[PDB]
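J.: Let me give you the structure first, and then I'll get to my questions.
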Amino acid sequence: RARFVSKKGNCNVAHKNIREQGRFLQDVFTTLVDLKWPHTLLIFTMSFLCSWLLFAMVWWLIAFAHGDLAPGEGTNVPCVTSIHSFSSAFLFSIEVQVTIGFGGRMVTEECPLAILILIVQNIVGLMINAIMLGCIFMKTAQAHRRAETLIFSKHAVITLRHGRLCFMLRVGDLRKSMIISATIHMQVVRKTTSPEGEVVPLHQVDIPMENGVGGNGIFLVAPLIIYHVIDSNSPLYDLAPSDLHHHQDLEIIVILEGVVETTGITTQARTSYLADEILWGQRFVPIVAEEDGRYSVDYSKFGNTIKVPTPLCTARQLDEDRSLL
Amino acid sequence: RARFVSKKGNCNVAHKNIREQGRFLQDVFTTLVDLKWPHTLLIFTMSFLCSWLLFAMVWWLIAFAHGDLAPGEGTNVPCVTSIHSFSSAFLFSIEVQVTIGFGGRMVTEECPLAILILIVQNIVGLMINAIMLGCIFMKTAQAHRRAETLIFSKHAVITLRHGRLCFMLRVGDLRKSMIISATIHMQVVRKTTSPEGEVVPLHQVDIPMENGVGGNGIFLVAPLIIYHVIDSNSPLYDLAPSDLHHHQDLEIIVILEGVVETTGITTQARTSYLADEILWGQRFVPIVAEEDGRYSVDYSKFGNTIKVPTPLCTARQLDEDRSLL
Amino acid sequence: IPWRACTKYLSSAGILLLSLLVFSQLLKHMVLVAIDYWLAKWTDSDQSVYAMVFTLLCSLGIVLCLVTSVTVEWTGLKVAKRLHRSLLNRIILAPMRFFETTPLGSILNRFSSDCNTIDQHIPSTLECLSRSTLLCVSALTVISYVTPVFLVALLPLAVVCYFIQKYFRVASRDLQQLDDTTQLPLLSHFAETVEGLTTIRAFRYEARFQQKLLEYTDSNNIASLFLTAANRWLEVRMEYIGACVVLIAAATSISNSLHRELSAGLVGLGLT
Amino acid sequence: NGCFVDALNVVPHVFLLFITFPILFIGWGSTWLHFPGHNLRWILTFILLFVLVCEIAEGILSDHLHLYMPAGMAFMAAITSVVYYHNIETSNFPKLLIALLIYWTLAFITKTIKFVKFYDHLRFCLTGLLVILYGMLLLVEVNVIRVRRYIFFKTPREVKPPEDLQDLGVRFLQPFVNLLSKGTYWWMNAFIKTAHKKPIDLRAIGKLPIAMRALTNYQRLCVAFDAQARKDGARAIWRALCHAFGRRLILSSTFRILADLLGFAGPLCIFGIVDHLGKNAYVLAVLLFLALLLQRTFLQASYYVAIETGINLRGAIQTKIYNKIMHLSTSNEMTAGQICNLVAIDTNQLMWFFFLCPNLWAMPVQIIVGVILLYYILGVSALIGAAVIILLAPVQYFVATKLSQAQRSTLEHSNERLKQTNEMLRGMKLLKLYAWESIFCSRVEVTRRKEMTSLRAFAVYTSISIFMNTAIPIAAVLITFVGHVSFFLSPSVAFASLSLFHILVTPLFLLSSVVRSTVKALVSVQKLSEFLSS
Ligand SMILES: Nc1ncnc2c1ncn2[C@@H]1O[C@H](COP(=O)(O)OP(=O)(O)OP(O)(O)=S)[C@@H](O)[C@H]1O
Ligand SMILES: Nc1ncnc2c1ncn2[C@@H]1O[C@H](COP(=O)(O)OP(=O)(O)OP(O)(O)=S)[C@@H](O)[C@H]1O
């Protein structure tokens with residue numbers, strides 16, 4: 001069946017019938033700073049070559065028009081000394097534009113028109129250099145790759161903790177670098193029909209993450225199983241344990257947000273768990289172990305799971321049995 | 001015994017068995033912007049020298065191949081005027097690459113192949129210059145050093161405030177520059193066994209910071225003792241005052257987050273207090289004092305402590321005695 | 001183990017045979033190097049007188065070797081005799097409470113093995129150690145004399161070996177004892193299965209016991225495997241250095257002893 | 001345009017050495033993934049190292065910097081290719097591999113141009129060998145992209161790094177390291193350094209890989225025994241072990257014979273050097289260095305592979321005879337002692353014989369090459385010398401046998417002594433209550449003298465062994481040199497003969513122990529078959 005957002009964190013829902021009013025290009029550089037590296041490098045070299053060829057053509061033409069291009073000895077001084085053909089003119093254009101300044105061909109004080117073309121060439125060169133540096137730097141603050149290094153366990157299990165049904169999922173870090181003030185927004189989607197006859201195709205509802213006195217966020221050093229307790233007030237509380245594996249369509253997504261240390265940008269990661277991915281009545285294997293003088297974490301058992309003799313029943317019926325026991 | 005996160009704020013837990021899928025290098029520049037200064041300077045000079053030597057070799061070869069390298073008078077004009085040996089060729093490479101443009105050796109309009117090598121040399125030079133500036137700037141927003149200037153008192157004491165047991169810890173600032181919207185996430189870890197027979201090697205739980213009507217964050221001007229009150233609902237409420245000093249293994253960590261003013265990045269600081277570090281029944285000495293026309297803060301008494309005649313008993317037993325008194 | 005145990009072991013032999021052994025070994029190794037030293041001058045070309053001197057050296061070598069071997073034999077036997085007699089006499093005059101305090105295994109075990117072990121292996125191993133160390137010192141002196149400069153290049157590398165020594169022993173001993181331990185409960189386990197075989201086949205406990213024996217044989221193999229891995233490590237690294245030294249020796253000999261030295265009889269001894 | 005083609009060759013090495021440095025410096029500033037052709041890649045890289053040494057030799061002979069620079073650049077290029085492949089084995093990528101493939105293609109192109117321009121007109125052979133090696137490495141890279149994901153369709157279907165040797169705490173990782181360290185045991189540096197500080201124990205030690213357990217070796221051995229018994233004994237169990245342990249043993253044996261060949265080769269290049277200077281020698285010196293290191297490395301790898309096969313065999317037959325201990329009948333004291341000797345001495349004999357198995361195949365070729373080589377250096381006289389040394393090998397065996405006999409006798413006496421001690425160290429209070437202790441000590445000393453008497457003959461035989469050990473090397477040179485010149489000599493001849501004499505004396509001693517071990521192992525396997533089939 002159709003998934004809401006894919007495991008890799010990319011969004012699945014394909015958009016249709018966007019009334020484009022042009023804002024897609026109106027974000028001129030915040031559009032292309034999104035692109036890949038080959039496309040952005042291609043369009044940067046094309047910017048540079050476009051400008052260089054434009055001014056090389058205009059210079060070729062101005063040297064042709066002054067008549068300094070006509071090879072002649074005396075009665076003149078070329079506006080640009082030692083210019084012969086188009087090739088040397090393009091060499092002059094790249095010599096003055098990108099500010100190497102070879103000086104074999106000298107622009108002279110006889111023609112003020114060449115002064116004007118230089119005084120606009122250089123400023124446009126400097127402006128396009130300034131933007132083509134700022135945008136590549138604004139790019140190198142792409143830290144979604146740091147959204148790649150995070151990992152979640154492939155499937156999530158539920159258990160019985162403290163006499164109440166609980167669901168456990170793992171997270172973890174993959175580098176030394178921490179993520180500041182990460183917060184968890186844990187959401188459930190379902191095609192819902194209201195008592196008013198209103199049917200929604202998809203209905204996001206927050207399920208709380210259960211920490212100390214409150215709080216939406218967590219602290220990530222070692223793999224920490226996130227711990228929620230479904231109660232009669234919770235939206236997930238009504239389902240049955242035998243109807244989840246095959247038929248029902250329930251996506252439980254988690255969105256972890258946080259700002260990486262060194263860049264300072266705020267990244268996040270998104271993952272979905274389907275009704276066929278989740279399973280019932282198990283327990284993860286303890287990862288952390290007291291090694292020689294530290295805590296060793298073994299990621300081989302990250303996705304490992306052991307059987308646990310826990311009663312199998314619906315959370316509504318389990319709450320009724322708790323009322324009975 | 002083993003500590004969770006070290007006093008300096010660095011993380012202790014060593015990771016084992018990381019299924020490297022290559023994302024460690026896939027973060028190409030967000031990897032090296034983490035590095036120290038000597039390594040980053042080394043790899044930048046190696047980038048620059050690598051590119052320069054590459055193009056110096058190709059230019060040496062092209063001047064050799066055209067035959068302009070063969071010293072001869074007449075019947076030719078070198079593609080690059082006045083080129084003799086490899087040394088002068090490398091001088092030409094560094095002359096055109098890093099955009100000094102000496103112009104003693106002139107590239108000429110006779111050979112379009114030299115035009116091509118120049119028109120790729122310069123663009124690659126400009127791109128690698130752009131990245132090697134953006135990443136060093138993205139580095140100089142390392143404000144972890146500002147995470148260094150913060151300080152916490154070496155050990156934390158508990159007291160009796162308002163008829164209820166309380167724990168007091170100090171913090172403080174070390175510069176004029178403020179930290180915007182700092183928030184406190186105060187966590188306790190312990191090897192825990194659930195009533196379901198589940199044993200966890202380490203169990204982070206939030207203990208609230210007790211401010212006005214609510215709120216997770218604080219305001220740092222002068223050293224402010226953070227004030228929590230452990231109650232029967234709190235997770236720390238069950239321990240005994242004689243069993244903490246030696247045997248039990250309880251790390252209480254605090255994570256203070258906040259964004260520094262001038263850079264705008266969000267930094268944090270992390271510290272641990274062990275069961276052997278914390279002590280019982282004391283009071284800090286008042287730091288702030290009304291001086292001549294201001295408030296003087298003396299950091300000599302920062303870690304100083306005075307004895308206080310307070311009853312010594314367990315928080316559970318103290319709550320039972322409060323029920324009795 | 002300190003030099004005191006060996007000091008007492010050799011002082012039980014007496015001053016009569018200690019020097020008779022040591023100086024004879026030194027002289028045998030000196031003859032074994034001098035024969036090749038004279039062969040070096042033999043090479044370039046009084047060939048008959050040369051060959052006669054070679055024959056004289058060859059005879060001296062074998063006579064001295066026989067003398068040294070007989071010395072080691074006689075000394076080892078005398079030491080074993082005196083040590084056993086002294087041990088018996090000192091155990092005889094002990095108080096009764098001492099005998100009651102110490103278990104019988106330790107008192108009996110020393111005589112059972114220590115004596116046997118020493119008689120079987122101490123003389124041969126001591127002879128081999130002495131021959132090896134003196135041959136190594138002689139070879140170093142040869143490659144030093146052959147090349148005046150090669151000497152100064154070989155003292156660095158040898159110091160390297162010092163660092164390779166420590167790190168080896170402090171592990172090679174350790175692993176060794178571990179092997180012994182994993183050999184002891186294994187065999188014993190076997191015996192326990194043989195006697196109470198009917199009880200074990202009756203309880204149907206065969207599976208758990210087979211599991212235990214797989215565990216024990218794995219614990220034995222891991223030890224006997226790490227030991228051979230460590231021996232291979234030390235072997236390969238010492239050999240790499242032993243090849244570095246011959247490389248440097250030949251590289252110095254080809255130039256120094258031919259270009260300027262103009263001596264060919266040198267490079268032969270050094271390379272060999 | 002020779003210099004032009006030399007420069008054209010220098011270029012691609014430079015390209016690769018320049019792209020390697022950023023990545024190498026990021027990587028320099030625990031799952032091992034292996035790719036097909038890894039071992040082939042490292043073998044070919046060592047062959048490249050060798051051919052590059054030869055090219056440097058040619059460049060020295062010719063000299064003109066630009067004419068021998070290509071070798072010095074390909075040297076660093078191949079070392080950096082090794083560094084790249086280490087960086088890829090440690091963390092997998094699809095891009096670094098393409099980064100290698102580009103360089104391989106360009107180097108192949110340059111070498112082809114060199115070959116053509118040479119054909120139109122020593123260099124020829126070296127250039128051809130380099131061409132073949134680069135082509136084979138190219139094919140390896142093409143295989144690697146064909147396997148998983150160079151560009152191929154979407155998802156690699158990548159392996160999922162092997163959990164056998166990389167999952168949950170294991171310390172002895174022999175099968176899961178770089179084929180260079182599989183030879184030089186570099187992975188032991190960490191273990192031995194940690195061992196220096198903290199005392200080793202079973203908690204500090206690893207656990208055996210799935211490649212070598214009781215279950216694995218037992219499974220292979222029982223499969224072979226099943227396939228042999230379904231076609232129906234001593235010969236049967238023998239052939240079963242043979243077919244079960246298969247490729248590893250012959251691999252060790254061929255490592256061993258190649259090492260023996262190179263060891264016989266060393267002294268000849270010594271001889272060549274000695275000849276050249278008395279009348280092309282630096283090349284021989286560096287070749288001697290290379291041949292020494294390679295020969296000894298192959299020898300050591302051979303030893304280790306044989307030892308590991310033997311340990312496998314011991315574990316296998318031990319758990320097998322324990323499996324047999326479950327089904328035996330009660331009618332079959334003496335059998336218990338025979339069983340526990342069948343595990344304490346018979347199994348150790350079997351395993352040590354399996355240690356020495358490849359030596360039994362490699363000894364004859366060693367002595368044959370030795371005798372034929374010394375004959376062509378010293379002529380007919382050599383033959384005479386070649387007899388004397390060989391004559392020490394049977395004599396040694398005889399000596400050994402005498403030792404054994406003596407040992408037996410001595411052991412008997414020793415045992416009796418222990419009995420006469422066990423009483424005294426138990427009736428301690430009884431003994432000292434009337435001071436009859438000296439009376440028993442006299443008897444104990446009486447036994448000791450008999451024990452001492454046996455030990456004299458044993459040590460006499462030990463002395464004869466040690467004496468022959470260093471006497472035959474002297475006697476060979478004596479009766480050879482005196483019997484060559486003054487009966488029937490450049491320094492090279494004499495010193496090569498000396499070297500060969502030592503290189504032949506070292507293996508000769510081992511043949512005697514090998515023969516004894518082999519006959520004892522044959523008897524022990526007959527015993528194991530008689531037991532295992534009751
Ligand atoms: N199909 C579309 N795709 C993207 N944007 C849209 C689309 N339709 C409308 N919008 C914009 O988003 C807002 C949605 O309001 P509408 O659904 O269009 O109601 P509206 O009264 O018809 O407004 P209009 O279409 O501009 S006259 C509008 O203000 C549009 O500017
Ligand atoms: N040891 C490890 N170290 C780092 N990352 C891992 C490790 N194991 C798995 N991952 C990644 O993090 C997620 C954890 O899921 P797993 O425990 O691997 O379950 P899984 O079903 O076996 O998924 P796989 O291994 O990709 S088929 C996976 O999607 C992996 O991409």
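Starting from 1 in every chain, residues are counted up; chains themselves are A, B, ... following the order of the structure tokens, and ligands are numbered from 1 as listed.
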Within 6 Å of chain B, which residues of chain A are there when counting only C-alpha atoms? Please give them as a list in words.

T.: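 So the residues of chain A near chain B are residues 87, 88, 100, 101, 102, 103, 133, 137, 145, 212, 262, 264, 293, 294, 295, 296, 297, 298 and 299 of chain A.
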
J.: Only C-alpha atoms, please: the residues just picked out, written as an mmCIF file, in the first residue's frame.

T.:
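Result file is out_27.cif:
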data_model
loop_
_atom_site.group_PDB
_atom_site.id
_atom_site.type_symbol
_atom_site.label_atom_id
_atom_site.label_comp_id
_atom_site.auth_asym_id
_atom_site.auth_seq_id
_atom_site.Cartn_x
_atom_site.Cartn_y
_atom_site.Cartn_z
ATOM 1 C CA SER A 87 41.538 35.049 -29.541
ATOM 2 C CA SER A 88 43.785 37.706 -28.046
ATOM 3 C CA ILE A 100 44.826 38.144 -13.095
ATOM 4 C CA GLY A 101 45.992 41.244 -15.001
ATOM 5 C CA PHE A 102 48.710 39.932 -17.320
ATOM 6 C CA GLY A 103 49.518 43.328 -18.796
ATOM 7 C CA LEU A 133 30.707 32.873 -3.268
ATOM 8 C CA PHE A 137 28.886 29.031 1.248
ATOM 9 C CA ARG A 145 23.838 14.803 5.607
ATOM 10 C CA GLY A 212 9.938 13.707 33.341
ATOM 11 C CA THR A 262 29.429 23.279 14.476
ATOM 12 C CA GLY A 264 24.430 25.889 14.002
ATOM 13 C CA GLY A 293 36.599 1.450 32.453
ATOM 14 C CA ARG A 294 33.837 2.840 30.237
ATOM 15 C CA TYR A 295 30.487 2.043 28.661
ATOM 16 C CA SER A 296 30.711 0.039 25.459
ATOM 17 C CA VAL A 297 27.774 0.234 23.054
ATOM 18 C CA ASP A 298 27.350 -2.648 20.596
ATOM 19 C CA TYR A 299 25.329 -1.745 17.509
#

J.: Output as CSV one row per residue of chain D within 6 Å of chain B: the closest atom pair and its distance in Å to one decimal place, counting only C-alpha atoms, sorted by chain and residue number ascending.

T.:
residue,atom,partner,partner_atom,distance
D:18,CA,B:50,CA,5.3
D:30,CA,B:17,CA,4.6
D:31,CA,B:19,CA,6.0
D:91,CA,B:22,CA,5.5
D:92,CA,B:22,CA,5.9

J.: Please produce a file of the residues just selected, as a PDB file, in the first residue's frame, where the atoms kept are N, CA, C and O atoms.

T.:
ATOM      1  N   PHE D  18      47.583  13.360  -6.320  1.00  0.00           N
ATOM      2  CA  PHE D  18      47.021  14.627  -5.891  1.00  0.00           C
ATOM      3  C   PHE D  18      45.588  14.494  -5.420  1.00  0.00           C
ATOM      4  O   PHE D  18      45.198  15.167  -4.458  1.00  0.00           O
ATOM      5  N   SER D  30      33.439  -0.359  13.567  1.00  0.00           N
ATOM      6  CA  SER D  30      34.378  -1.467  13.429  1.00  0.00           C
ATOM      7  C   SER D  30      33.795  -2.609  12.594  1.00  0.00           C
ATOM      8  O   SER D  30      33.637  -3.728  13.078  1.00  0.00           O
ATOM      9  N   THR D  31      33.484  -2.316  11.332  1.00  0.00           N
ATOM     10  CA  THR D  31      32.965  -3.300  10.392  1.00  0.00           C
ATOM     11  C   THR D  31      33.856  -3.338   9.155  1.00  0.00           C
ATOM     12  O   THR D  31      34.083  -2.303   8.517  1.00  0.00           O
ATOM     13  N   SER D  91      35.682   1.731   5.040  1.00  0.00           N
ATOM     14  CA  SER D  91      34.368   2.334   4.838  1.00  0.00           C
ATOM     15  C   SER D  91      34.062   2.306   3.351  1.00  0.00           C
ATOM     16  O   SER D  91      34.848   2.812   2.546  1.00  0.00           O
ATOM     17  N   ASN D  92      32.938   1.711   2.982  1.00  0.00           N
ATOM     18  CA  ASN D  92      32.667   1.465   1.574  1.00  0.00           C
ATOM     19  C   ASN D  92      32.111   2.706   0.892  1.00  0.00           C
ATOM     20  O   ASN D  92      31.413   3.517   1.502  1.00  0.00           O
TER      21      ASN D  92
END

J.: Measure the distance from CA of residue 16 in chain D to CA of residue 103 in chain D in Å and round it to one decimal.

T.: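 Between CA of residue 16 in chain D and CA of residue 103 in chain D the gap is 6.5 Å.
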
J.: Any idea which chain D residues end up within 7 Å of chain C if we count only C-alpha atoms, as a PyMOL selection string please?

T.: chain D and resi 184-185+192-193+195-196+200+207-208+213-214+274+277-278+285+289+292-293+297+300+311+315+336+340+418+421-422+425-426+428-429+432+437-438+452+456+459-460+463+466-467+471+474+478+482+489-491+495+499

J.: Which residues come within 8 Å of residue 78 in chain B, counting only C-alpha atoms, excluding same-chain residues fewer than 4 positions away, as a PyMOL selection string?

T.: chain B and resi 63+68-69+82-83+108

J.: Quote the spacing between CA of residue 222 in chain D and CA of residue 244 in chain D in Å to one decimal place.

T.: 8.6 Å

J.: Find the spatial neighbours of residue 530 in chain D, counting only C-alpha atoms, within a cut-off of 12 Å - ignore same-chain residues fewer than 5 positions away - and output them as a list in words.

T.: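 Returned residues: residues 233, 234, 235, 237, 321, 338, 339, 342, 523, 524 and 525 of chain D.
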
J.: Any idea what's packed within 12 Å of residue 12 in chain D, counting only C-alpha atoms, ignoring anything in its chain fewer than 3 positions away? Could you give it as a ChimeraX atom specification?

T.: /B:54,57-58 /D:6-9,15-19,70,73-74,76-78,99-111

J.: Please write the residues from the selection above to a file, keeping N, CA and C atoms, as a PDB file, in the first residue's frame.

T.:
ATOM      1  N   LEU B  54      49.435  20.139  -9.990  1.00  0.00           N
ATOM      2  CA  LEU B  54      48.761  19.495 -11.112  1.00  0.00           C
ATOM      3  C   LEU B  54      48.835  20.371 -12.359  1.00  0.00           C
ATOM      4  N   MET B  57      52.334  20.886 -13.862  1.00  0.00           N
ATOM      5  CA  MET B  57      52.761  19.748 -14.669  1.00  0.00           C
ATOM      6  C   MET B  57      52.119  19.786 -16.049  1.00  0.00           C
ATOM      7  N   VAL B  58      50.806  20.020 -16.103  1.00  0.00           N
ATOM      8  CA  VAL B  58      50.162  19.993 -17.416  1.00  0.00           C
ATOM      9  C   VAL B  58      50.684  21.123 -18.299  1.00  0.00           C
TER      10      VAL B  58
ATOM     11  N   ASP D   6      57.880   9.747 -21.637  1.00  0.00           N
ATOM     12  CA  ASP D   6      58.174   9.640 -20.210  1.00  0.00           C
ATOM     13  C   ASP D   6      57.318  10.613 -19.404  1.00  0.00           C
ATOM     14  N   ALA D   7      57.233  11.863 -19.857  1.00  0.00           N
ATOM     15  CA  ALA D   7      56.397  12.840 -19.170  1.00  0.00           C
ATOM     16  C   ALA D   7      54.930  12.438 -19.211  1.00  0.00           C
ATOM     17  N   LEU D   8      54.464  11.988 -20.378  1.00  0.00           N
ATOM     18  CA  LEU D   8      53.081  11.552 -20.501  1.00  0.00           C
ATOM     19  C   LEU D   8      52.770  10.424 -19.528  1.00  0.00           C
ATOM     20  N   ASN D   9      53.761   9.589 -19.216  1.00  0.00           N
ATOM     21  CA  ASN D   9      53.555   8.574 -18.190  1.00  0.00           C
ATOM     22  C   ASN D   9      53.562   9.175 -16.792  1.00  0.00           C
ATOM     23  N   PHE D  15      48.291  12.831 -11.068  1.00  0.00           N
ATOM     24  CA  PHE D  15      46.859  13.059 -10.885  1.00  0.00           C
ATOM     25  C   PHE D  15      46.326  12.276  -9.689  1.00  0.00           C
ATOM     26  N   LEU D  16      46.692  10.996  -9.604  1.00  0.00           N
ATOM     27  CA  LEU D  16      46.187  10.156  -8.522  1.00  0.00           C
ATOM     28  C   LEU D  16      46.782  10.551  -7.177  1.00  0.00           C
ATOM     29  N   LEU D  17      48.093  10.797  -7.131  1.00  0.00           N
ATOM     30  CA  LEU D  17      48.716  11.246  -5.893  1.00  0.00           C
ATOM     31  C   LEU D  17      48.157  12.573  -5.422  1.00  0.00           C
ATOM     32  N   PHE D  18      47.583  13.360  -6.320  1.00  0.00           N
ATOM     33  CA  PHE D  18      47.021  14.627  -5.891  1.00  0.00           C
ATOM     34  C   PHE D  18      45.588  14.494  -5.420  1.00  0.00           C
ATOM     35  N   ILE D  19      44.799  13.621  -6.048  1.00  0.00           N
ATOM     36  CA  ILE D  19      43.457  13.400  -5.521  1.00  0.00           C
ATOM     37  C   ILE D  19      43.475  12.580  -4.231  1.00  0.00           C
ATOM     38  N   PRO D  70      59.279   8.039 -14.207  1.00  0.00           N
ATOM     39  CA  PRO D  70      58.022   7.266 -14.197  1.00  0.00           C
ATOM     40  C   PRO D  70      57.963   6.163 -13.158  1.00  0.00           C
ATOM     41  N   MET D  73      57.380   7.573  -9.714  1.00  0.00           N
ATOM     42  CA  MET D  73      56.015   8.059  -9.533  1.00  0.00           C
ATOM     43  C   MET D  73      55.011   6.918  -9.414  1.00  0.00           C
ATOM     44  N   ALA D  74      55.142   5.885 -10.248  1.00  0.00           N
ATOM     45  CA  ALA D  74      54.258   4.736 -10.111  1.00  0.00           C
ATOM     46  C   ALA D  74      54.420   4.076  -8.753  1.00  0.00           C
ATOM     47  N   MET D  76      54.880   5.607  -5.718  1.00  0.00           N
ATOM     48  CA  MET D  76      53.967   6.307  -4.828  1.00  0.00           C
ATOM     49  C   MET D  76      52.521   6.146  -5.270  1.00  0.00           C
ATOM     50  N   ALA D  77      52.274   6.014  -6.573  1.00  0.00           N
ATOM     51  CA  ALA D  77      50.905   5.822  -7.036  1.00  0.00           C
ATOM     52  C   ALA D  77      50.344   4.483  -6.572  1.00  0.00           C
ATOM     53  N   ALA D  78      51.146   3.417  -6.636  1.00  0.00           N
ATOM     54  CA  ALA D  78      50.691   2.114  -6.161  1.00  0.00           C
ATOM     55  C   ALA D  78      50.544   2.103  -4.646  1.00  0.00           C
ATOM     56  N   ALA D  99      37.209   6.481  -8.751  1.00  0.00           N
ATOM     57  CA  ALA D  99      38.438   7.259  -8.690  1.00  0.00           C
ATOM     58  C   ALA D  99      39.661   6.387  -8.957  1.00  0.00           C
ATOM     59  N   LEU D 100      39.634   5.126  -8.551  1.00  0.00           N
ATOM     60  CA  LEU D 100      40.761   4.285  -8.929  1.00  0.00           C
ATOM     61  C   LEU D 100      40.675   3.908 -10.402  1.00  0.00           C
ATOM     62  N   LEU D 101      39.457   3.644 -10.885  1.00  0.00           N
ATOM     63  CA  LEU D 101      39.312   3.092 -12.228  1.00  0.00           C
ATOM     64  C   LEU D 101      39.811   4.076 -13.273  1.00  0.00           C
ATOM     65  N   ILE D 102      39.571   5.369 -13.046  1.00  0.00           N
ATOM     66  CA  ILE D 102      40.048   6.384 -13.987  1.00  0.00           C
ATOM     67  C   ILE D 102      41.562   6.291 -14.140  1.00  0.00           C
ATOM     68  N   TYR D 103      42.268   6.243 -13.012  1.00  0.00           N
ATOM     69  CA  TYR D 103      43.722   6.182 -13.050  1.00  0.00           C
ATOM     70  C   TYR D 103      44.204   4.923 -13.750  1.00  0.00           C
ATOM     71  N   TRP D 104      43.564   3.783 -13.477  1.00  0.00           N
ATOM     72  CA  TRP D 104      44.002   2.558 -14.141  1.00  0.00           C
ATOM     73  C   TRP D 104      43.890   2.692 -15.656  1.00  0.00           C
ATOM     74  N   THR D 105      42.759   3.216 -16.142  1.00  0.00           N
ATOM     75  CA  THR D 105      42.591   3.354 -17.589  1.00  0.00           C
ATOM     76  C   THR D 105      43.656   4.264 -18.189  1.00  0.00           C
ATOM     77  N   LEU D 106      43.934   5.391 -17.534  1.00  0.00           N
ATOM     78  CA  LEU D 106      44.902   6.319 -18.112  1.00  0.00           C
ATOM     79  C   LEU D 106      46.313   5.729 -18.110  1.00  0.00           C
ATOM     80  N   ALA D 107      46.681   5.013 -17.043  1.00  0.00           N
ATOM     81  CA  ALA D 107      48.004   4.401 -17.010  1.00  0.00           C
ATOM     82  C   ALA D 107      48.133   3.328 -18.083  1.00  0.00           C
ATOM     83  N   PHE D 108      47.054   2.580 -18.323  1.00  0.00           N
ATOM     84  CA  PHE D 108      47.071   1.592 -19.398  1.00  0.00           C
ATOM     85  C   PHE D 108      47.299   2.257 -20.751  1.00  0.00           C
ATOM     86  N   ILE D 109      46.636   3.386 -20.990  1.00  0.00           N
ATOM     87  CA  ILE D 109      46.819   4.105 -22.250  1.00  0.00           C
ATOM     88  C   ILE D 109      48.276   4.520 -22.434  1.00  0.00           C
ATOM     89  N   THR D 110      48.865   5.125 -21.400  1.00  0.00           N
ATOM     90  CA  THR D 110      50.248   5.580 -21.526  1.00  0.00           C
ATOM     91  C   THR D 110      51.197   4.412 -21.782  1.00  0.00           C
ATOM     92  N   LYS D 111      51.001   3.298 -21.070  1.00  0.00           N
ATOM     93  CA  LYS D 111      51.868   2.143 -21.282  1.00  0.00           C
ATOM     94  C   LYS D 111      51.716   1.589 -22.697  1.00  0.00           C
TER      95      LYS D 111
END

J.: How many Å lie between CA of residue 69 in chain D and CA of residue 48 in chain D, rounded to one decimal?

T.: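 Pair CA of residue 69 in chain D / CA of residue 48 in chain D returns 15.8 Å.
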
J.: Determine which residues of range 78-264 of chain A receive a DSSP assignment of strand (DSSP E), computed from the backbone, and state them as a ChimeraX atom specification.

T.: /A:157-161,164-169,179-189,192-193,199-200,205-206,226-229,251-260

J.: Leaving out residue 328 in chain D and any residue of its chain fewer than 6 positions from it, which residues lie within 10 Å of it when counting only C-alpha atoms, given as a list in words?

T.: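 Residues near the query, excluding close chain neighbours: residues 197 of chain C; 531, 532, 533 and 534 of chain D.
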
J.: Could you please take those selected residues and save C-alpha atoms as a PDB file, in the first residue's frame?

T.:
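Printed below is result-v7.pdb as written:
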ATOM      1  CA  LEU C 197      28.894 -43.147  32.408  1.00  0.00           C
TER       2      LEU C 197
ATOM      3  CA  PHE D 531      39.027 -47.497  19.802  1.00  0.00           C
ATOM      4  CA  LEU D 532      36.546 -45.413  17.771  1.00  0.00           C
ATOM      5  CA  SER D 533      35.236 -48.609  16.136  1.00  0.00           C
ATOM      6  CA  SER D 534      34.429 -50.866  19.101  1.00  0.00           C
TER       7      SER D 534
END
